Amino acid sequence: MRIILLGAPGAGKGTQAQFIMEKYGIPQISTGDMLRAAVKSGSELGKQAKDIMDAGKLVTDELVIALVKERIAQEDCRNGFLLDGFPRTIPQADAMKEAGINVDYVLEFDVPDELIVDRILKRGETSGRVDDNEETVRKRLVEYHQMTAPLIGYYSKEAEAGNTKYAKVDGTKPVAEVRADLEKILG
């Protein structure tokens, strides 16, 4: 059971991941988490991200692709995993295809741009990430619309070809209601 969660930053993807991990017994592969951990621990693979992330830019495809390939080769990903924050560009999705990483579900969280900003502010006040500042968040959203949002069509086409199942949920609904709409899809 392999699942990709698509959407804009702050769309609620990490919030919903916990429910999905618990129900299907799979770990979450969050490139954002793996990179912040790399920085903290000084790991050779990923410490380089620190400055890119605080700038609200994307990290290079080559670095994030490697981190992910290493994470998913571990035995606890044998029976599936939940990708949260990867693929974030077309080249990253192409690498998965070329490496034979098929996925069973692609789930798109639709949330308007104006809602993201306020959602990330309200959570940036306690998690103290520099990329949750207001102006950085508006840079991340522009990058999102240019580099990441085309994945919606990329994977809508994959599902048409029978390679995955594609669904959209309305992420403006409250947390419990989003959860239940995702269960209608996955169950």
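For every residue, the number given is its place in the sequence shown, counted from 1.
Give the stretch, out of 124-132 and 142-150, with the larger mean C-alpha temperature factor in the deposited entry.
The deposited B-factors put 124-132 ahead on the C-alpha mean.
Given the B-factors recorded for C-alpha atoms, which segment has the greater mean, 90-98 or 71-79?
Here the higher of the two C-alpha B-factor means belongs to 71-79.
Taking only the Cα B-factors deposited for this chain, tell me whether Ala55 sits in the lowest, middle or highest third.
Its C-alpha B-factor, which the entry lists for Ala55, ranks in the highest third among residues of this chain.
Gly32: which third of its chain by C-alpha temperature factor?
Answer is middle: the recorded C-alpha B-factor places it there.
Taking the C-alpha B-factors as the PDB entry records them, is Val39 in the lowest, middle or highest third of its chain?
Ranked within chain, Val39 CA B lands in the middle tercile.
Please rank the C-alpha B-factors of the chain's modelled residues and tell me whether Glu158 sits in the lowest, middle or highest third.
It falls in the middle third of the chain.
Splitting the chain's C-alpha B-factors into thirds, which one does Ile116 fall into?
Highest third, going by the recorded CA B-factors of the chain.
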